[PDB]
């Protein structure tokens, strides 16, 4: 029903708590699901500095994922948003960059 609303060309920052590397998980990331479409990878980052920073092709150059291990936080800076970024955004723990979901932020970008 309700969500965030951004003008095309605008920007938005998401955040997600990150417990830290358990036995099963070495990272955190985000996927999104647009109306009537499949869930699509967005971005993933390793808890270990250097280990991995994946982005979907559709967001490279516009989105930036970052971590603050001191705060147990992960962040997604979303710049130059376009109408096709309209979706619900979910964060999930990562193992080797794949996201595992077992809670979302709806974002509408208007042209």
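Residue numbers count along the first chain shown, from 1.
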Are residue 102 and residue 103 truly consecutive in the deposited sequence, or are residues between them missing coordinates? Give the number as none, 1 to 3, 4 to 9, or 10 or more. 4 to 9
Out of 57-65 and 22-30, which stretch has the higher average CA B-factor listed in the record? 22-30
Using only the Cα atoms and their B-factors as the entry lists them, report which of 67-75 and 37-45 averages higher. 67-75
Sort 87, 17, 14, 92 by C-alpha B-factor from the entry and give me just the highest. 17
